[PDB]
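Quick notes on the structure that follows.
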Amino acid sequence: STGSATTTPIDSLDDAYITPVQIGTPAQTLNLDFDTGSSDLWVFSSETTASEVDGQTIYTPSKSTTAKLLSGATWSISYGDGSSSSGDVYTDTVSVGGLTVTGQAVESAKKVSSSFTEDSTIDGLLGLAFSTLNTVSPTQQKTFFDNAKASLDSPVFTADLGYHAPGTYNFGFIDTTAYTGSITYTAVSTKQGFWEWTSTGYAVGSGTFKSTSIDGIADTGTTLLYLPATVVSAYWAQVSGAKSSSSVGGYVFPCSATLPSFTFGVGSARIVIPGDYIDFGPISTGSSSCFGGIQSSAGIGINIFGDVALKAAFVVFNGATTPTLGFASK
């Protein structure tokens, strides 16, 4: 089997991407944030505290003839941005782009933090990291990908995120029309439960490439590119008037700037992030200070190849017995 679903930016900045997901019988379609940095499929639901729901579509398990309470199971998750959610668990039928899993753990939120409530466009998360990170207790649950894997034509999914445009998540096949040149594959460590890999270095604009190992994660659920402070300083040094602002919480730059590209290495290959991808617009409405898309990972404890980086590539998440990542230009 295979599946193929379109993923759509939630706003004009590509702050996140939503993908429609069918849950239950008859189908209840929710727009979920596919997150390769976490391993829980959780939804706004009929159980979510009413004051914490503001515009999201909810899953109502009592209206699904295939929903079953997973008795005694609870979940609770905290993300890198400080947000959180928790609740109880149902199993139900979940379909993505025509690919169906029966008996998927659907984690029903009883509580969500303010950032979730305030984002009316995201109805929940669908985690695509390794199932070792799943938070369900006392019986850890599998991701949608891990449950689909054995049925897929190939044990892979691919992320093809758009810049200010829709893109695609495919499951079980590699669309050879969706990228240019060849895919470069690179090793993955699953030791922290992430799609963790080592970039071979970087370049700023038309500058020379710096060969240096940068360990980090491929994380579709993180907006920005978070790299070591040395790398990030070298980037923003090429933008007149850019500075790190402790008040704003990262590098800002004059909105009048034209940003340089940023290149990262994948083995001997190179992925180029155009400068425009690094502009996250005014820090507050009408400001002439703009927020940068490349930020320091200092104090986060891991480098994160988030959407800014991934949207410049066609990315293969290879879930074979030995997982690997692939990157192609597009």
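Easy rule for this one: first residue shown is 1, then count along the chain.
Quick reminder: no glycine exception, Cβ is built from N, Cα and C everywhere.
Swiss-Prot has this to say about the protein:
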DOMAIN    17-328  domain 'Peptidase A1'
ACT_SITE  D35  active site
ACT_SITE  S199  active site
DISULFID  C255-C290  disulfide bond
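Proximity of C255 (disulfide bond) to non-local residues of its own chain (separation of 6 or more, Cβ distance below 8 Å) is seen for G281, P282, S287, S288, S289, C290, given in sequence order. A gap of 20 Å separates the Cα atoms of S199 (active site) and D35 (active site). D35 (active site) falls within a strand when secondary structure is assigned with DSSP. Under DSSP, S199 (active site) is assigned to a strand (E or B) in the three-state scheme. In the structure as shown, the Cβ atom of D35 (active site) sits within 10 Å of 21 other Cβ atoms.
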